[PDB]
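query39.cif (mmCIF, C-alpha atoms and all ligand atoms)
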data_query
#
loop_
_atom_site.label_atom_id
_atom_site.label_comp_id
_atom_site.auth_asym_id
_atom_site.auth_seq_id
_atom_site.Cartn_x
_atom_site.Cartn_y
_atom_site.Cartn_z
CA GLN H 4 20.56 49.94 127.59
CA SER H 5 22.83 48.23 130.12
CA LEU H 6 22.23 47.64 133.82
CA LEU H 7 24.75 49.47 136.00
CA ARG H 8 26.69 47.96 138.90
CA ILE H 9 24.46 49.56 141.54
CA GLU H 10 21.38 49.30 139.31
CA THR H 11 21.91 45.53 139.11
CA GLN H 12 22.06 45.17 142.90
CA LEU H 13 18.78 47.10 143.04
CA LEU H 14 17.24 44.65 140.57
CA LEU H 15 18.80 41.64 142.30
CA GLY H 16 17.46 42.87 145.64
CA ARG H 17 13.88 43.31 144.44
CA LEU H 18 14.01 39.77 143.02
CA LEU H 19 15.21 38.07 146.21
CA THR H 20 12.97 40.17 148.45
CA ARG H 21 9.70 39.72 146.56
CA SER H 22 10.33 36.03 145.84
CA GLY H 23 10.49 35.27 149.56
CA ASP H 24 7.60 37.59 150.40
CA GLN H 25 5.16 36.25 147.80
CA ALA H 26 6.03 32.57 148.29
CA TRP H 27 5.33 32.87 152.02
CA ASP H 28 2.08 34.79 151.56
CA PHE H 29 0.81 32.20 149.07
CA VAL H 30 1.17 29.28 151.51
CA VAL H 31 -0.15 31.09 154.62
CA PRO H 32 -3.84 30.62 153.64
CA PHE H 33 -3.06 26.97 152.89
CA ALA H 34 -1.44 26.57 156.31
CA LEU H 35 -4.38 28.25 158.06
CA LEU H 36 -6.71 25.70 156.43
CA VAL H 37 -4.46 22.75 157.26
CA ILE H 38 -4.72 23.85 160.90
CA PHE H 39 -8.45 24.69 160.73
CA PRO H 40 -9.95 22.46 158.01
CA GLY H 41 -13.52 23.43 157.18
CA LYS H 42 -13.10 27.06 158.35
CA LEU H 43 -12.18 29.45 155.55
CA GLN H 44 -13.67 31.99 157.99
CA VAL H 45 -10.52 31.86 160.12
CA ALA H 46 -8.17 32.50 157.19
CA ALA H 47 -10.39 35.43 156.22
CA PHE H 48 -10.30 36.71 159.80
CA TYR H 49 -6.50 36.47 159.76
CA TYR H 50 -6.22 38.69 156.68
CA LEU H 51 -8.88 41.07 158.01
CA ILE H 52 -6.59 41.75 160.97
CA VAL H 53 -3.58 42.20 158.68
CA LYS H 54 -5.49 44.45 156.27
CA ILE H 55 -6.71 46.71 159.09
CA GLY H 56 -3.47 46.76 161.08
CA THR H 57 -1.36 47.39 157.98
CA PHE H 58 -3.58 50.33 157.00
CA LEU H 59 -3.36 51.79 160.51
CA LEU H 60 0.42 51.65 160.88
CA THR H 61 1.26 52.91 157.37
CA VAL H 76 12.83 53.94 157.89
CA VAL H 77 13.80 52.24 154.63
CA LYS H 78 16.44 50.11 156.38
CA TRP H 79 13.99 48.35 158.73
CA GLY H 80 12.40 46.47 155.83
CA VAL H 81 14.52 43.32 155.84
CA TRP H 82 14.63 43.23 159.64
CA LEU H 83 10.84 43.37 159.83
CA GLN H 84 10.37 40.54 157.33
CA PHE H 85 13.04 38.48 159.12
CA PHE H 86 11.44 38.87 162.55
CA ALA H 87 7.98 38.43 161.00
CA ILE H 88 8.76 35.15 159.22
CA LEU H 89 10.67 34.01 162.31
CA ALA H 90 7.69 34.71 164.57
CA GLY H 91 5.32 33.17 162.03
CA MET H 92 7.15 29.84 162.02
CA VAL H 93 7.30 29.66 165.83
CA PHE H 94 3.64 30.66 166.18
CA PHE H 95 2.45 28.44 163.31
CA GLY H 96 4.16 25.47 164.95
CA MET H 97 2.60 26.25 168.33
CA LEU H 98 -0.78 26.78 166.65
CA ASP H 99 -0.43 23.41 164.91
CA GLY H 100 0.56 21.45 168.01
CA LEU H 101 -2.05 23.02 170.29
CA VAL H 102 -5.08 22.53 168.02
CA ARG H 103 -3.96 18.96 167.35
CA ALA H 104 -4.07 18.23 171.10
CA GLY H 105 -7.88 18.33 171.26
CA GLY H 106 -8.60 21.13 173.74
CA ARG H 107 -10.27 23.80 171.63
CA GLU H 108 -11.09 27.48 172.18
CA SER H 109 -8.56 28.05 174.93
CA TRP H 110 -7.44 31.49 176.00
CA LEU H 111 -4.05 30.26 174.77
CA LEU H 112 -5.43 29.42 171.32
CA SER H 113 -6.56 33.03 170.85
CA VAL H 114 -3.25 34.50 172.05
CA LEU H 115 -1.22 32.51 169.52
CA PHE H 116 -3.52 33.39 166.61
CA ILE H 117 -3.56 37.13 167.32
CA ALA H 118 0.21 37.00 167.76
CA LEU H 119 0.40 35.17 164.42
CA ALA H 120 -1.82 37.86 162.88
CA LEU H 121 0.38 40.60 164.35
CA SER H 122 3.28 38.93 162.57
CA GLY H 123 1.24 39.23 159.38
CA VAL H 124 1.02 42.99 159.86
CA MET H 125 4.78 43.02 160.46
CA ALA H 126 5.35 40.87 157.37
CA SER H 127 3.35 43.26 155.18
CA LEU H 128 5.10 46.41 156.43
CA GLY H 129 8.47 44.89 155.57
CA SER H 130 7.26 44.13 152.05
CA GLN H 131 6.09 47.72 151.52
CA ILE H 132 9.20 49.31 153.03
CA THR H 133 11.60 47.07 151.10
CA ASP H 134 9.71 47.96 147.91
CA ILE H 135 10.34 51.63 148.72
CA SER H 136 14.10 51.00 148.53
CA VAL H 137 13.42 49.68 145.02
CA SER H 144 17.14 58.71 143.05
CA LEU H 145 19.94 56.23 142.33
CA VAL H 146 19.34 55.54 138.62
CA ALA H 147 20.32 58.26 136.17
CA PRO H 148 17.09 60.01 135.05
CA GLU H 149 17.96 59.03 131.47
CA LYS H 150 18.66 55.37 132.31
CA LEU H 151 15.46 55.22 134.38
CA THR H 152 13.25 54.36 131.39
CA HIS H 153 15.38 51.27 130.75
CA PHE H 154 15.47 50.53 134.49
CA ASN H 155 11.74 50.86 135.20
CA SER H 156 11.01 48.74 132.12
CA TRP H 157 13.18 45.96 133.58
CA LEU H 158 11.60 45.73 137.05
CA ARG H 159 8.40 44.63 135.30
CA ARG H 160 10.28 41.55 134.08
CA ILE H 161 11.49 40.90 137.64
CA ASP H 162 8.00 41.42 139.08
CA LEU H 163 6.52 39.19 136.37
CA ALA H 164 9.13 36.54 137.17
CA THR H 165 8.11 36.38 140.84
CA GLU H 166 4.37 36.30 140.11
CA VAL H 167 4.76 33.26 137.84
CA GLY H 168 7.74 31.76 139.68
CA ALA H 169 7.01 31.97 143.42
CA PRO H 170 3.37 30.71 143.46
CA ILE H 171 4.37 27.87 141.12
CA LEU H 172 7.49 26.97 143.11
CA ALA H 173 5.90 27.58 146.53
CA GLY H 174 2.87 25.49 145.59
CA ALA H 175 5.16 22.56 144.81
CA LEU H 176 6.97 22.99 148.14
CA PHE H 177 3.73 22.97 150.13
CA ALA H 178 2.07 20.09 148.24
CA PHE H 179 5.03 17.68 147.99
CA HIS H 180 5.44 17.43 151.76
CA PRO H 181 6.33 14.26 153.69
CA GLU H 182 3.55 11.99 154.91
CA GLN H 183 2.69 13.11 158.46
CA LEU H 184 3.81 16.74 157.95
CA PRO H 185 1.36 18.88 155.96
CA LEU H 186 3.04 22.12 157.07
CA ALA H 187 6.48 20.75 156.14
CA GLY H 188 6.57 23.08 153.15
CA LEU H 189 5.64 26.18 155.15
CA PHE H 190 8.84 26.05 157.20
CA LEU H 191 10.90 25.38 154.06
CA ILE H 192 9.35 28.55 152.63
CA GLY H 193 10.14 30.43 155.83
CA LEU H 194 13.63 28.98 156.13
CA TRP H 195 14.13 30.23 152.57
CA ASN H 196 12.93 33.65 153.72
CA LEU H 197 15.34 33.61 156.68
CA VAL H 198 18.43 32.37 154.83
CA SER H 199 17.79 34.82 151.99
CA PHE H 200 17.89 37.68 154.53
CA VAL H 201 21.70 37.57 154.51
CA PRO H 202 21.84 38.12 150.70
CA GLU H 203 19.10 40.76 150.76
CA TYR H 204 20.69 42.86 153.50
CA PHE H 205 24.18 43.13 152.00
CA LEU H 206 22.63 43.98 148.62
CA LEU H 207 20.31 46.64 150.05
CA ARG H 208 22.91 47.84 152.56
CA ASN H 209 25.40 48.60 149.78
CA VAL H 210 22.97 50.57 147.60
CA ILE H 211 20.38 52.40 149.71
CA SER H 238 -17.42 63.38 145.90
CA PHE H 239 -20.91 64.77 146.44
CA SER H 240 -21.58 66.08 142.90
CA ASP H 241 -18.92 64.95 140.44
CA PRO H 242 -19.93 62.81 137.43
CA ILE H 243 -16.47 61.18 137.58
CA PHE H 244 -17.32 59.71 141.00
CA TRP H 245 -19.23 57.00 139.11
CA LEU H 246 -16.18 56.13 137.00
CA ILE H 247 -14.31 55.56 140.27
CA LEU H 248 -17.14 53.53 141.80
CA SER H 249 -17.24 51.19 138.79
CA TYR H 250 -13.54 50.43 139.21
CA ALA H 251 -14.06 50.10 142.97
CA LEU H 252 -16.80 47.46 142.72
CA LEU H 253 -14.39 45.04 141.01
CA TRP H 254 -12.35 44.87 144.24
CA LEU H 255 -15.27 43.02 145.85
CA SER H 256 -14.86 40.07 143.46
CA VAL H 257 -13.23 36.99 144.98
CA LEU H 258 -12.70 35.63 141.44
CA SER H 259 -8.98 36.42 141.36
CA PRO H 260 -6.03 34.10 140.65
CA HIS H 261 -4.10 36.21 143.20
CA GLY H 262 -6.92 36.12 145.77
CA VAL H 263 -6.25 34.44 149.10
CA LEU H 264 -9.93 33.53 149.56
CA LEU H 265 -10.07 31.58 146.30
CA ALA H 266 -6.84 29.81 147.30
CA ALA H 267 -8.31 28.61 150.60
CA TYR H 268 -11.53 27.41 148.95
CA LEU H 269 -9.71 25.68 146.08
CA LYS H 270 -7.57 23.68 148.53
CA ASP H 271 -10.14 22.99 151.25
CA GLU H 272 -13.48 22.35 149.55
CA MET H 273 -12.53 21.67 145.92
CA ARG H 274 -9.39 19.68 146.83
CA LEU H 275 -7.06 21.28 144.30
CA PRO H 276 -3.36 20.58 144.95
CA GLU H 277 -1.28 23.58 145.93
CA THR H 278 0.82 22.84 142.83
CA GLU H 279 -2.18 23.41 140.56
CA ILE H 280 -3.37 26.40 142.59
CA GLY H 281 0.03 28.01 142.07
CA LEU H 282 -0.19 27.16 138.37
CA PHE H 283 -3.58 28.90 138.50
CA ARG H 284 -2.01 32.03 140.01
CA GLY H 285 1.03 32.20 137.72
CA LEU H 286 -1.17 31.85 134.65
CA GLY H 287 -3.46 34.61 135.91
CA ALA H 288 -0.56 37.05 135.65
CA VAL H 289 0.22 35.83 132.12
CA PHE H 290 -3.31 36.64 130.94
CA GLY H 291 -3.13 40.17 132.33
CA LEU H 292 -0.07 40.48 130.09
CA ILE H 293 -2.32 39.76 127.09
CA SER H 294 -4.30 42.85 128.11
CA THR H 295 -1.24 45.02 127.41
CA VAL H 296 -1.58 44.12 123.72
CA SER H 297 -5.37 43.88 123.47
CA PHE H 298 -6.09 47.28 125.02
CA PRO H 299 -3.75 49.56 122.98
CA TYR H 300 -5.01 47.75 119.88
CA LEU H 301 -8.69 48.46 120.56
CA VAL H 302 -7.76 52.00 121.64
CA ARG H 303 -6.49 52.52 118.08
CA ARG H 304 -9.43 51.03 116.15
CA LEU H 305 -12.03 52.20 118.69
CA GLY H 306 -12.34 54.91 121.30
CA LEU H 307 -10.59 54.69 124.64
CA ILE H 308 -14.11 54.42 126.05
CA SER H 309 -14.97 51.48 123.78
CA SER H 310 -11.72 49.71 124.67
CA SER H 311 -12.49 49.99 128.39
CA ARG H 312 -16.16 49.14 127.80
CA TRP H 313 -15.42 46.06 125.69
CA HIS H 314 -12.74 44.92 128.15
CA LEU H 315 -14.88 45.36 131.27
CA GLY H 316 -17.67 43.77 129.24
CA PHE H 317 -15.38 40.85 128.44
CA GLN H 318 -14.60 40.37 132.14
CA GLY H 319 -18.28 40.16 133.06
CA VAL H 320 -19.08 37.72 130.26
CA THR H 321 -16.25 35.31 131.06
CA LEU H 322 -16.97 35.47 134.79
CA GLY H 323 -20.61 34.69 134.05
CA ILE H 324 -19.60 31.56 132.15
CA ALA H 325 -17.32 30.62 135.05
CA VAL H 326 -20.08 30.88 137.66
CA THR H 327 -22.51 28.69 135.69
CA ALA H 328 -19.97 25.86 135.46
CA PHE H 329 -19.14 26.45 139.13
CA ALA H 330 -22.72 25.30 139.83
CA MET H 331 -22.36 22.37 137.40
CA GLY H 332 -20.92 18.86 137.58
CA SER H 333 -17.63 19.49 139.36
CA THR H 334 -15.89 16.80 137.28
CA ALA H 335 -14.47 18.95 134.46
CA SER H 336 -16.29 22.20 135.27
CA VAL H 337 -13.65 23.22 137.82
CA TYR H 338 -11.24 23.36 134.88
CA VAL H 339 -13.69 25.62 133.03
CA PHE H 340 -14.31 27.59 136.23
CA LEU H 341 -10.60 28.38 136.58
CA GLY H 342 -10.01 28.72 132.84
CA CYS H 343 -12.67 31.41 132.49
CA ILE H 344 -11.22 33.32 135.45
CA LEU H 345 -7.91 33.45 133.55
CA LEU H 346 -9.65 34.83 130.45
CA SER H 347 -11.38 37.47 132.59
CA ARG H 348 -8.02 38.92 133.65
CA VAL H 349 -7.61 40.44 130.17
CA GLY H 350 -10.89 42.28 130.65
CA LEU H 351 -10.17 43.44 134.20
CA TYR H 352 -6.66 44.71 133.47
CA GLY H 353 -7.95 46.25 130.25
CA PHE H 354 -10.55 48.25 132.17
CA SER H 355 -8.13 49.29 134.92
CA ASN H 356 -5.81 50.79 132.31
CA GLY H 357 -8.81 52.56 130.79
CA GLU H 358 -10.16 53.85 134.10
CA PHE H 359 -6.66 55.06 134.95
CA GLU H 360 -6.24 56.71 131.55
CA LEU H 361 -9.75 58.18 131.72
CA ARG H 362 -8.96 59.71 135.12
CA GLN H 363 -5.69 61.12 133.77
CA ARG H 364 -7.50 62.94 130.94
CA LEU H 365 -10.69 63.99 132.76
CA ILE H 366 -9.96 65.44 136.22
CA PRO H 367 -7.92 68.65 136.37
CA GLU H 368 -4.75 68.72 138.46
CA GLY H 369 -6.47 70.85 141.10
CA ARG H 370 -9.16 68.23 141.80
CA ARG H 371 -6.69 65.35 141.36
CA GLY H 372 -5.24 64.38 144.74
CA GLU H 373 -8.67 64.67 146.36
CA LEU H 374 -10.26 62.17 143.96
CA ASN H 375 -7.25 59.91 144.55
CA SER H 376 -8.21 59.90 148.23
CA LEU H 377 -11.69 58.90 147.04
CA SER H 378 -10.27 56.24 144.70
CA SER H 379 -8.12 54.85 147.51
CA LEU H 380 -11.03 55.03 149.97
CA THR H 381 -13.52 53.03 147.90
CA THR H 382 -10.86 50.45 147.00
CA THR H 383 -9.95 50.03 150.68
CA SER H 384 -13.60 49.79 151.76
CA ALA H 385 -14.28 47.11 149.13
CA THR H 386 -11.60 44.71 150.38
CA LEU H 387 -12.57 45.62 153.95
CA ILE H 388 -16.14 44.57 153.17
CA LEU H 389 -14.76 41.59 151.22
CA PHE H 390 -12.71 40.24 154.12
CA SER H 391 -15.30 41.22 156.74
CA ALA H 392 -18.07 39.38 154.89
CA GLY H 393 -15.77 36.38 154.44
CA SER H 394 -14.96 36.40 158.16
CA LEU H 395 -18.65 35.72 158.91
CA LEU H 396 -18.90 32.55 156.80
CA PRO H 397 -20.24 29.72 159.01
CA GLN H 398 -18.12 27.21 157.06
CA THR H 399 -15.85 26.88 154.04
CA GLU H 400 -18.64 25.40 151.90
CA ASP H 401 -20.67 28.63 151.81
CA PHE H 402 -17.86 30.34 149.92
CA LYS H 403 -20.22 29.90 146.96
CA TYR H 404 -22.28 32.78 148.36
CA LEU H 405 -19.27 35.09 147.91
CA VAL H 406 -18.77 33.96 144.31
CA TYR H 407 -22.33 35.04 143.52
CA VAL H 408 -22.03 38.57 144.91
CA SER H 409 -18.71 38.80 143.05
CA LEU H 410 -20.32 38.20 139.65
CA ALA H 411 -23.10 40.54 140.76
CA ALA H 412 -20.47 43.21 141.41
CA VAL H 413 -18.68 42.69 138.09
CA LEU H 414 -21.95 42.81 136.14
CA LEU H 415 -23.10 45.80 138.22
CA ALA H 416 -19.79 47.60 137.65
CA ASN H 417 -20.37 47.01 133.94
CA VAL H 418 -23.82 48.62 134.15
CA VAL H 419 -22.45 51.62 136.07
CA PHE H 420 -19.66 52.26 133.55
CA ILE H 421 -21.88 51.92 130.47
CA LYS H 422 -24.35 54.39 131.99
CA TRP H 423 -21.47 56.70 132.96
CA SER H 424 -19.76 56.58 129.55
CA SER H 425 -22.96 58.14 128.11
CA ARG H 426 -22.16 61.80 128.79
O1 LIG H 501 -7.72 39.17 145.29
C1 LIG H 501 -7.47 39.66 146.42
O2 LIG H 501 -6.95 38.94 147.33
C2 LIG H 501 -7.79 41.12 146.71
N1 LIG H 501 -7.38 41.93 145.61
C3 LIG H 501 -8.54 42.15 144.74
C4 LIG H 501 -8.48 43.49 143.98
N2 LIG H 501 -7.87 43.30 142.68
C5 LIG H 501 -8.95 43.24 141.68
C6 LIG H 501 -9.12 41.80 141.17
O3 LIG H 501 -8.12 41.03 141.07
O4 LIG H 501 -10.27 41.39 140.85
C7 LIG H 501 -6.99 44.44 142.39
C8 LIG H 501 -6.22 44.22 141.12
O5 LIG H 501 -5.12 43.61 141.15
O6 LIG H 501 -6.67 44.65 140.03
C9 LIG H 501 -6.83 43.17 146.10
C10 LIG H 501 -5.44 43.40 145.48
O7 LIG H 501 -5.09 42.74 144.45
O8 LIG H 501 -4.65 44.25 145.98
CA CA H 502 12.44 37.62 153.01
NI NI H 503 -6.84 41.59 143.10
#
Let me see whether you can do it: turn the structure in this file into structure tokens.
Amino acid sequence: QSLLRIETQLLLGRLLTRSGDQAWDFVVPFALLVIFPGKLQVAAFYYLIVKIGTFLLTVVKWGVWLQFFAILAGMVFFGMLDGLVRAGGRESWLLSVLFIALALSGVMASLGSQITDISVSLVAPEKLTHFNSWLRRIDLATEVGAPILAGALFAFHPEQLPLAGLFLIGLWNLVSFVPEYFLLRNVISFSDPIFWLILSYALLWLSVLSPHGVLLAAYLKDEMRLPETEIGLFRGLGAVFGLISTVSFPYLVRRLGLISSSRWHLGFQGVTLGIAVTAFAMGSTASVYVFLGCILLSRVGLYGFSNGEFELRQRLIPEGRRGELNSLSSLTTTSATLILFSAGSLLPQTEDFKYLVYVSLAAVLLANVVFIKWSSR
């Protein structure tokens, strides 16, 4: 139960790589709203380009080079985007060229994250169960750590420099490239009743009510005026509540069926998201705190259901019809976020983000109805 010399450099590489990746991706929606205040639409259009382009394009050594050039291009193009919009001449041909170039750096930034995760065959197949159990502590450390830290870097900026934190996050990402490289260099359908079980899981990917959702982050900062410090605290806590689901779900799976554990978890998610939406339409004084607090509670239900849906798939489809339904599972999940970010791209202003919250609760409640009806076989 001891990390090896090479196995430690693998762990130390995943930590440095993901910390820089996540911290930069957290502050990018904040930067896109600093530049374009009152237009969540533009931040949604940015990610729509990244989502599509990433899917299209998708070699292990190129990972750190791609992130380096991506963050480098992002800082140069974010600075140009900032200075040009601040001049006063809007909707130039030049304004579009910089944005699309900035969005092409987002595709490049995402490919580096995926490829560098591939590099994290080298661990002894006996010591792999201790290894794989450790990476979860590293991954958990970046989820809680980088949004919290990066939110403090973006929010505690000097007076006349709102994007002062963005470049500090990118300069971090560039300077860390020298550690990361040497570490990684050294050690490197039509008629199937189970289609409805997939579709119930898929609908939940249309909900914007996520602590790790970029659309919530833009709305929380722009319209609801939450500090990036408290938005990061929102994100880091959202990962901690999903951890609670790792105890709650095996415990209900013992005293109740695996179906009842998934049903009561997905039912819990819908209930707590319903409470959140009501307060979201209430006096915004202390109801924002309830709004975000109920989203945290709902993570236990969502992650509980995802473990059930995964386990139900593992026990229900035979190996012959397995990879095909995975193409279906991956399809519906892709289409949901595609629809999510396409619908958000059409928002006439940030304020009508409320109309995406409502469909989200509709989807979570609907996904509940579909699973309850399915689980009656
Ligand atoms: O929240 C987002 O930005 C988009 N999420 C939403 C899908 N979520 C479901 C949720 O958080 O409600 C997937 C998941 O992590 O379970 C996609 C992703 O995490 O890859
Ligand atoms: Ca990096
Ligand atoms: Ni999500």
Just the residues within 8 Å of range 170-180 of chain H, please, counting all atoms listed in the file, with nothing from its chain fewer than 4 positions along; format it as an MDAnalysis selection string.
-> chainID H and resid 25:27 29:30 165:166 184:189 191:192 276:282 284:285
Distance filter 7 Å around ligand NI 503 (chain H), atoms: all atoms listed in the file, out as a list in words | residues 254, 259, 261 and 262 of chain H
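If you look at CA of residue 320 in chain H and atom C4 of ligand LIG 501 (chain H), they are 18.3 Å away from each other.
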Using all atoms listed in the file, which protein or nucleic acid residues are at most 7 Å from ligand LIG 501 (chain H), as a list in words?
->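 Using all atoms listed in the file, I find these residues within 7 Å of ligand LIG 501 (chain H): residues 253, 254, 255, 256, 257, 258, 259, 261, 262, 263, 264, 351, 352 and 386 of chain H.
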Interatomic distance (Å, one decimal) between CA of residue 48 in chain H and CA of residue 101 in chain H |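 Interatomic distance, CA of residue 48 in chain H to CA of residue 101 in chain H: 19.1 Å.
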At most 12 Å from ligand CA 502 (chain H) (all atoms listed in the file): residue list as a VMD selection string | chain H and resid 16 to 28 80 to 89 125 to 130 133 to 134 192 to 204
Got a sec: who's within 6 Å of range 331-348 of chain H, counting all atoms listed in the file, leaving out chain neighbours fewer than 2 positions off, as a list in words?
->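 That gives residues 287, 290, 291, 318, 321, 325, 328, 329, 350, 351 and 352 of chain H.
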Residue with smallest distance to residue 273 in chain H - pool H:41, H:311, H:120, H:210, counting all atoms listed in the file =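 Closest to residue 273 in chain H of all the choices is H:41.
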